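Below: one structure, written as structure tokens.
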Amino acid sequence: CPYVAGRXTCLXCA
Amino acid sequence: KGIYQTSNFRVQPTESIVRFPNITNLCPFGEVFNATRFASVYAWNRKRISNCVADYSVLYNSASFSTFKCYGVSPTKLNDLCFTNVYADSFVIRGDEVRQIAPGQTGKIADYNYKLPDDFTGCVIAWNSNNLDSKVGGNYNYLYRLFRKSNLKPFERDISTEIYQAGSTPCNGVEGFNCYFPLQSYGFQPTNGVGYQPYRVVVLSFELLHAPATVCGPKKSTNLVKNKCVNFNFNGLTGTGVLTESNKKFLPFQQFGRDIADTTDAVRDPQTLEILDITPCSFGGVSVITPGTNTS
Amino acid sequence: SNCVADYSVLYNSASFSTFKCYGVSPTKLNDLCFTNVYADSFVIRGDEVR
Amino acid sequence: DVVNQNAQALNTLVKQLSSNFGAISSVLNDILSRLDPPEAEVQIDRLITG
Amino acid sequence: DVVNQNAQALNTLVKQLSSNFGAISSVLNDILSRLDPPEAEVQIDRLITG
Amino acid sequence: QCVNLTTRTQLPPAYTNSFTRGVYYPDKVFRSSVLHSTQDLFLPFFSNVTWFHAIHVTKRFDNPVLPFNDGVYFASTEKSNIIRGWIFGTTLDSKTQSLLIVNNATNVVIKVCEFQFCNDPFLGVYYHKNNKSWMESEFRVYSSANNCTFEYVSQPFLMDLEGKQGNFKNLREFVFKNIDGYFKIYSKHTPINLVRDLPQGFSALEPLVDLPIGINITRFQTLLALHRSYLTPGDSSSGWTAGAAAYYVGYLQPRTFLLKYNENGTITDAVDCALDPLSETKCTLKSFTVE
Amino acid sequence: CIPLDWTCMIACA
Ligand SMILES: *[C@@H]1O[C@H](CO)[C@@H](O[C@@H]2O[C@H](CO)[C@@H](O)[C@H](O)[C@H]2NC(C)=O)[C@H](O)[C@H]1NC(C)=O
Ligand SMILES: *[C@@H]1O[C@H](CO)[C@@H](O[C@@H]2O[C@H](CO)[C@@H](O)[C@H](O)[C@H]2NC(C)=O)[C@H](O)[C@H]1NC(C)=O
Ligand SMILES: *[C@@H]1O[C@H](CO)[C@@H](O[C@@H]2O[C@H](CO)[C@@H](O)[C@H](O)[C@H]2NC(C)=O)[C@H](O)[C@H]1NC(C)=O
Ligand SMILES: *[C@@H]1O[C@H](CO)[C@@H](O[C@@H]2O[C@H](CO)[C@@H](O)[C@H](O)[C@H]2NC(C)=O)[C@H](O)[C@H]1NC(C)=O
Ligand SMILES: CCCCCCCCCCCCCCCCCC(=O)O
Ligand SMILES: CCCCCCCCCCCCCCCCCC(=O)O
Ligand SMILES: *CC(=O)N1CN(C(=O)C*)CN(C(=O)C*)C1
Ligand SMILES: *[C@@H]1O[C@H](CO)[C@@H](O)[C@H](O)[C@H]1NC(C)=O
Ligand SMILES: *[C@@H]1O[C@H](CO)[C@@H](O)[C@H](O)[C@H]1NC(C)=O
Ligand SMILES: *[C@@H]1O[C@H](CO)[C@@H](O)[C@H](O)[C@H]1NC(C)=O
Ligand SMILES: *[C@@H]1O[C@H](CO)[C@@H](O)[C@H](O)[C@H]1NC(C)=O
Ligand SMILES: *[C@@H]1O[C@H](CO)[C@@H](O)[C@H](O)[C@H]1NC(C)=O
Ligand SMILES: *Cc1nc(C*)nc(C*)n1
């Protein structure tokens, strides 16, 4: 993942 | 018995003439529809198409499209036309958002990423690209804009990455509570259902029959005959008339001339750049004089 | 009834495959007010959505 | 005035051929060069009525 | 009768603005507040012709 | 590197009248011997346009950030090629994309990037006394340019950089529009001979280019070139002089114009149909003369 | 290249 969950372009990652 | 007005004197055309510009190369169908990389929808790529033959039947061997919708033009007329100011817009979206690539649509793509004008002329092409843009574990390289303060204008591109303020407190350029990065990644996996599978979209836009054109359909040009009633085809503009040499001097950006009735009465020939007047063949009143048909 | 129809909150989670409006253009929905709003909900198979 | 009125009426008839009448163009050849016979029939029927 | 006929003609002209002429409404503002400019053009063209 | 210029003498803003200027060809269709009525974004007749100066006697170097509104009529009267181009954007910094059009004395460079523009952007010509040559020396309009999508460099040309004096010799007129992601430019160059003001007359602007830039434009700024020599001592912020030039900015609005096409297809006259009831009568009669 | 004016070179790729 390019970011951790909740941050960057992975905001919607549960 | 009496005199009766009839139809005006008609002259039928004797032959059909096609005049297209000298164009040899094929349009970059491999560069547009078979590119290795596609842009994200927030940073959608626009490519100019010029000086080429739009013979789209070469796509029948390789390409299969789930969406092909044209707007200012019938699909069966594309081979007979020449196209002015051609651009190809390319991006990747999920399958559920292909319906948003149309004039007058709402949704997050049509509001924040890519917006078509109301009077859009061109064609929208989309096809499933799961086998190219999905990978095991997810492909997250394709982004979309989730947050924006207002809707985009038609054909506007927004590539800014300022932190969106979704609440009352200011963000001061950092992420946090109610302060989000405006671009979010698609998650493309091969096991996704259709609707969350990636779709490559190509939007073609052009103008028709108002200006000089350099992208044309695969029609062969005939010779130019003058002083005869012919059916003509000048850069897609069809009609019937008599073509004579003109004393009009066109400006270099002008292709057609029009009269007070807004009919095309002058045209520049695309191969030999001479101006030709267009005159209708049929002319002149006709009357018939008879006695009674019971008499003779 | 008695609520703000700010449908942009569905952009985070919804992802509709069909959205067709009939008496109104979809770009006009943000500027309007709606009189007797009812929501009908059910489940059908995919071939019957048409 | 009689001569001028008749000339003005005929020239007004000539000038009114540029009216779109709600069609996409006032030019029959421009309509027929871009559209198949169904949508061409729609636009041409508008021009015919006008 | 001359005064009555001219007044009746002007009042008939005023009253004929409520005709739909085949459009969805006879009100330009009601058409424009619900539809985007492409279908609004169709309805407004019908009202213009009528 | 950005340089904030000093030693500018403060003046109140000046205004003048754009008499019948700013008419451009509305389409690419040849018409001749016809009066044609069209509705487009036109500069209205006898409009109040703003007057800007570059002069050193007082000392003026006018490059303010101006609004764009719905379109801009730009006219410049020059003799020494001082107006070099323009800046178009919204915030004019690295947060948003901006359009650069500039003559750097050899090419015309058109770039659409996220420029971090200088507060006082200018170009520079330096004069040598030893071999009497004017050379392009400075380019100080932006400090960075990243993440960018449209690039265009023109064919090379030769342009005179000498800071001549006398009357203004060239009038260069422009109409800028930003519609549906396209930057449309219309232009016309006429030779002139006058002292101070915008000339009165008619010249129809021809289409130049349609740039598919797809950006939001609300503000714009004019790029000018200054002169440096031994007659201008000091540092980079004070040791400069301005060649004599002026430019004029008007704004377009939706207007119905009655355009006159002559026998050769040239637009030679126009009627602004919303100017007054006489012009409205001309528009409804489709005639330039009223009985 | 000596242009008629530098402004005509804007449309000269
Ligand atoms: C589209 O692009 C792919 C990849 O560049 C092309 O696939 C290549 O095809 C040639 C000949 O068929 C093979 O020798 C290569 O090994 C293929 N490359 C890959 C990565 O598979 C494909 O031919 C292109 N299609 C068209 C119509 O141009
Ligand atoms: C184009 O740029 C202008 C100027 O930056 C934008 O106008 C701003 O819009 C925001 C949100 O709508 C307001 O908070 C600002 O006050 C506006 N500023 C000005 C000077 O008007 C405009 O929204 C942009 N257009 C688009 C389509 O994004
Ligand atoms: C030219 O002037 C501008 C504004 O007068 C300067 O910009 C300011 O720079 C300081 C220090 O970097 C900042 O704290 C301000 O916020 C800036 N203001 C604005 C409006 O941007 C600029 O630094 C000056 N340039 C030079 C070379 O001195
Ligand atoms: C004006 O700008 C153009 C475009 O940036 C310059 O042309 C380039 O100059 C660099 C530096 O010499 C070369 O490496 C490039 O190959 C040039 N590109 C082209 C397309 O010519 C030009 O040198 C600039 N002129 C001045 C006087 O600054
Ligand atoms: C490479 C880009 C070429 C652009 C050409 C623009 C002018 C022609 C417009 C229409 C192009 C046809 C697109 C492909 C149609 C595919 C038909 C089908 O398989 O159903
Ligand atoms: C919860 C019930 C809401 C009732 C709203 C009343 C009518 C207002 C407009 C209706 C909007 C429906 C949602 C639209 C979602 C669009 C997103 C998309 O195109 O993907
Ligand atoms: C000097 C030069 O290169 N040209 C070619 N032109 C192009 O448009 C490419 C026309 N031109 C002008 O000066 C406008 C001469
Ligand atoms: C087009 O080709 C013909 C030869 O077939 C040539 O005579 C003509 O000059 C060409 N026109 C151009 C290049 O504009
Ligand atoms: C032009 O505008 C300025 C500023 O609004 C004003 O002071 C001036 O009087 C105006 N000139 C005319 C002739 O209206
Ligand atoms: C002489 O002119 C050339 C180019 O014209 C310039 O590069 C050079 O700097 C000049 N000589 C001096 C001593 O400045
Ligand atoms: C803009 O450029 C910066 C640095 O060049 C980069 O970090 C950033 O990701 C870019 N933004 C884009 C490409 O949207
Ligand atoms: C039109 O052009 C011809 C020759 O090209 C010239 O003799 C005539 O004077 C021109 N007419 C006008 C009104 O400029
Ligand atoms: C690995 C990953 N990355 C992103 C951005 N989002 C998710 C859900 N997962």
Side-chain angles (χ1 to χ4, degrees), chain A residues 1-6 8-14, chain B residues 93-102 104-113 115 135-158 160 162 164-165 181-189 192 195-196, chain C residues 1-41, chain E residues 34, chain F residues 65 67-69 88-93 95-98 178 180-181 214-219:
Chain A
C1 317
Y3 300 90
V4 308
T9 68
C10 317
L11 171 75
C13 212
Chain B
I93 50 168
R94 92 198 324 254
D96 278 345
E97 301 158 344
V98 176
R99 47 167 251 275
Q100 293 184 39
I101 317 293
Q105 283 292 300
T106 192
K108 88 183 142 71
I109 294 307
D111 285 341
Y112 306 147
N113 293 264
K115 164 85 150 157
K135 87 197 204 225
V136 178
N139 182 27
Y140 301 95
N141 298 136
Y142 290 107
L143 314 181
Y144 60 94
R145 184 170 302 275
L146 183 54
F147 303 109
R148 213 183 178 265
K149 272 141 97 174
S150 50
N151 292 348
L152 276 185
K153 281 180 154 11
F155 290 138
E156 197 198 332
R157 185 187 291 104
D158 184 23
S160 69
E162 299 303 291
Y164 182 79
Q165 197 201 302
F181 197 76
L183 308 178
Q184 298 299 319
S185 83
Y186 285 111
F188 287 139
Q189 312 180 254
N192 284 0
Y196 208 179
Chain C
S1 57
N2 297 297
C3 66
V4 173
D6 188 17
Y7 62 91
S8 76
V9 305
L10 294 166
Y11 289 169
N12 311 308
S13 46
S15 180
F16 308 131
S17 43
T18 286
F19 178 48
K20 166 81 188 263
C21 298
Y22 285 91
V24 55
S25 293
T27 58
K28 281 287 170 172
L29 294 165
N30 277 325
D31 308 310
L32 278 165
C33 289
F34 309 91
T35 293
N36 282 129
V37 195
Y38 286 106
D40 297 338
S41 51
Chain E
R34 293 200 306 173
Chain F
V65 177
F68 196 78
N69 290 319
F88 302 94
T90 41
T91 73
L92 308 184
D93 50 73
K95 288 174 230 256
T96 53
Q97 285 202 109
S98 298
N178 192 44
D180 286 343
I215 70 169
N216 186 14
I217 291 168
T218 57
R219 303 193 294 158

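Both counts, for ligands and for their atoms, begin at 1 and track the order of listing. Throughout, a chain's letter reflects where its sequence line sits, starting with A, and its residues are numbered from 1.
A distance-only check finds no donor-acceptor pair linking the side chain of B/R145 to the backbone of B/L183 [under 3.5 Å]. Within the 3.5 Å criterion, the main-chain N or O of F/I215 finds no donor-acceptor partner in the side chain of F/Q97.
Note on ligand 6: B/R99 sits in its first shell, one or more heavy atoms being nearer than 4.0 Å. For the pair B/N151 and ligand 2, a heavy-atom separation below 4.0 Å is found. Ligand 13 has B/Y140 within reach: a non-hydrogen atom of the residue lies less than 4.0 Å from it. Residue contact check for ligand 6: B/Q100 places a non-hydrogen atom closer than 4.0 Å to it. Put simply, part of B/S185 is less than 4.0 Å from ligand 13, judged by heavy atoms. Not a single heavy atom of F/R219 sits closer than 4.0 Å to an atom of ligand 2. The shortest separation from a heavy atom of B/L152 to ligand 2 is not under 4.0 Å, leaving the residue out of contact.
When distances from atom 15 (C) of ligand 2 to the protein are checked, no heavy atom turns up under 4.0 Å. Protein heavy atoms all stay at least 4.0 Å away from atom 9 (O) of ligand 2. There is a protein heavy atom less than 4.0 angstrom from atom 8 (C) of ligand 6. Checking atom 3 (C) of ligand 6 against the protein gives no heavy-atom contact under 4.0 Å. Per-atom contact check: atom 20 (C) of ligand 2 does not touch the protein, criterion being a heavy-atom distance below 4.0 Å. In this structure, atom 2 (O) of ligand 2 has protein heavy atoms in its sub-4.0 angstrom surroundings. Protein heavy atoms are found less than 4.0 angstrom from atom 27 (C) of ligand 2.
Of the N or O atoms in F/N216, one or more lie within a sub-3.5 Å distance of an N or O in ligand 2. By the 3.5 Å distance cut-off applied to N or O atoms, B/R148 is counted among the residues near ligand 2.
Close approach to C/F34 involves these atoms of ligand 6, each under 4.0 Å from a residue heavy atom: 7 (C), 8 (C). Annotation for ligand 6: atoms under 4.0 Å from non-hydrogen atoms of C/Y11 are 17 (C). Those atoms of ligand 6 with a heavy atom of C/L10 less than 4.0 angstrom away are 13 (C).
The aromatic ring centroids of A/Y3 and B/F181 lie 6.0 Å or more from each other.
Side-chain contact check for B/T106 and C/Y7: at least one donor-acceptor pair (N or O, by modelled atom type) lies under 3.5 Å.
Here the heavy atom of the protein found nearest to atom 5 (C) of ligand 6 is C/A5 CB, 3.8 Å. Here the heavy atom of the protein found nearest to atom 6 (C) of ligand 6 is C/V37 CG1, 4.0 Å. Among all non-hydrogen protein atoms, the one lying nearest atom 14 (C) of ligand 6 is C/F19 CZ, 3.6 Å. The protein heavy-atom contact nearest to atom 15 (C) of ligand 6 is C/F16 CE1, 3.7 Å.
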Test side chain to side chain donor-acceptor pair (under 3.5 Å) applied to C/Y11 and B/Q184, step by step: CA-CA 12 Å; C/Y11 289 169; B/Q184 298 299 319; over 6 Å; no
